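Shown next as C-alpha cells: one chain only, the form deposited in one PDB entry.
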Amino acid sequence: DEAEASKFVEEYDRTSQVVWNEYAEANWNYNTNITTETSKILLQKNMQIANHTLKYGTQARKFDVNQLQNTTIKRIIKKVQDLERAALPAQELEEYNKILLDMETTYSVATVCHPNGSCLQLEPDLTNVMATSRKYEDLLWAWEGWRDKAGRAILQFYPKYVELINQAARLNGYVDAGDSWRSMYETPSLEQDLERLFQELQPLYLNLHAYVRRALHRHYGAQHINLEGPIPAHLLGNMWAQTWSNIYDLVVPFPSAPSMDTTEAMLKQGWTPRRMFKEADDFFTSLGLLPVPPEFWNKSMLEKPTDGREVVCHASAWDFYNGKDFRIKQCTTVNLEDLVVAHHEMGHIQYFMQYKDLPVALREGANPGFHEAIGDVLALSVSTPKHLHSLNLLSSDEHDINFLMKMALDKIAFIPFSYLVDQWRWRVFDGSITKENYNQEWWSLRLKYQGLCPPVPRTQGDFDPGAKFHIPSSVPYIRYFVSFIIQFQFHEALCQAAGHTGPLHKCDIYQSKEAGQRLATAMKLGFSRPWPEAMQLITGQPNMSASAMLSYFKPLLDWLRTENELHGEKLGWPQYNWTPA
C-alpha cells in the first residue's frame, strides 16, 4: 500500500528527528567530557535509540520495497529495514555498545610515558614527534610506544567486537559486517572498481616510493635503508605512514627553491583555532556556499579543553538533526596540517547544511566518499602556493615540481593505505583472518600495498591495527580511498566551471560562484538519488575515475621517472623480506 508507506515514512521522520537529536547530544556530551556520568547517560540513550530503531525497522520490514512506486519513499524504507546493531538481542546489544564504548575510550585516553614520569598524548605530542623528529631512535620510541599502549589495549575487545558486528549484519540480511559495509555503495562491481583504480595509481606510487626511499637512504644512512626493500614504517612523518608531507624537507626536489616554515608563520602572525575555522568559513562563502550558523561558534569544541576535561580529540563533524545545530569537535593545533583538517571538517558541515531540509533518512552523502571529498576539494585550492601567499604564509617549473611533490606526499601515498585498511577488515569480517592472524595479516598488507616494514619485530599480543583510530571506533575506511579518487574529479570539474585553463594543479577555485553552485546542487540531493547521478551533476560523467588525479600529477610522474631512472632505482621492493638489522 503506497499511502500507508508514505504515512509510515512521515511518522518515521517526525520521531527520528527527536530521537537522533537526543542521541547526538548525549554522544557529544560524552565525546567532549569523558566521565562516569556522561558514559551512563550515553549508554541509556543507546537503549532509547535501539528501541526506536527496532520499532520502526520492524514496521519497515512489512513493506515490499519492490512493490512501491515512489523512489524517494522506496529508498527511505529500504534504509530503515536495516536495524544495524538494534537487530541484536537485548544482552548482545548491551555487550556490543559497551565494547564500542570501551574500545573508543581506551584509544582516546592512551598515553606513552618515559622512565621519569613524562607522559605524551597522541594529539598533539606524539603527532608532533612523528612530524618533526629526524632522529631514528626518537621516531622509533613514539611509533613503538603508541602501539604498545594503544594497540595492545584494544586486542582484548576485538574478537567479541567482530562476533557481534557480524551477528548484527547477518540479522539484517548480510553475510558479514564487511558485506554490509560494501553494500552501502549500492554498486555490484565495487571491489573490482576499487582494484582497477588502485592499479592505475601504481606507476605514480611506485615512483614516489622509490624516490622517497632514496631520500631516506640519504638522511638516515645506507646501513638503515635497503634501496631494494620496504621502507621502515616510522620514517614517513606520520604515525601510520599514511600521508608523508611532513618529511617534505627531506625529499624536496629543488632545494634551491625554499619555502618558509608555515607553522612559524601561522603562530607569529596570530593564527588561532577560531581564526583557522573562520578562514575555512570565508573560503566556503567565497564560493557562494553557506556560512556556518552563529550557533556553530557558540557550541563547537575547536580546541582541546584546558578545563581538566578528558575528550576524544580525533576530528569529527556533528549533525544534531534539527536543521539548525551543527558542530565540529577538534583538538586543533595551529599549523598548516590542521588548517587542511579544519577545511575537511567544514566540508562535512557544509554538506549537513545543504541537505538539512531533506527527511532524516536521506541526510547523508550521495555515498560516504562524497561526504569526505567536499572539504578536501576546497583544501586542494587552499594549499596552492598562490592561495598560501595571499594568506602571507609563503612569500618556474622547479617551483611546480616542488609543489606537486608536497601534494603527492599526501595524496598519492594515502592511496595504498586507504585501500588496505578495509581489505584487512573485510577479511576479518568474513573469517579469512582470525585473532591468531590479526597482526601478521595486517603487516602482509602493509608490505604488499604500501611497501613498508615494521622497524622492530612484532611480538605476541601486538595489535597494531588497534593503534589506528578507525579500528576501535569502528569507522569504515574505504570512504577515504573513494574520497581521494573523486576529489580530483571534482577539482577538475569545478576548475573547468571556474574557467581555468592549463595545468590542473595551478587551479585555485577561490571566489568561483560557478564552482560553488556545481557542488551545492549535488550536496542538496543528500542520499535521495543513487550516487552516479550526483557524480554526473558535478563532473558530466557517472563513474569513479582515476583520470583527473593522474592528470593533476602528470608532470610529477614524468619528473619522477626520469629522476629514478638516473639513479637506477628498482621500482617496488624485490627484497620484500628485508627488515632493519
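The term rigid core refers to the most C-alpha atoms you can superpose between the two forms while keeping them within 1.5 Å. Residues carry their position along the shown sequence, with the first being 1. Shifts are known only where both forms have a C-alpha.
Keep in mind that the form deposited in another entry is missing from the display, and what follows is about it.
- Superposing the rigid core between the shown form and the other one leaves a single residue from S551, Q59, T38, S545 with a C-alpha shift of at least 2 Å: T38.
- The Cα shift for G308 between the shown form and the other one, taken after rigid core superposition, is 2 angstroms or larger.
- In this core-based overlay, residues 29 to 41, 304 to 314 form runs of three or more whose Cα positions differ by 2 Å or more between the shown form and the other one.
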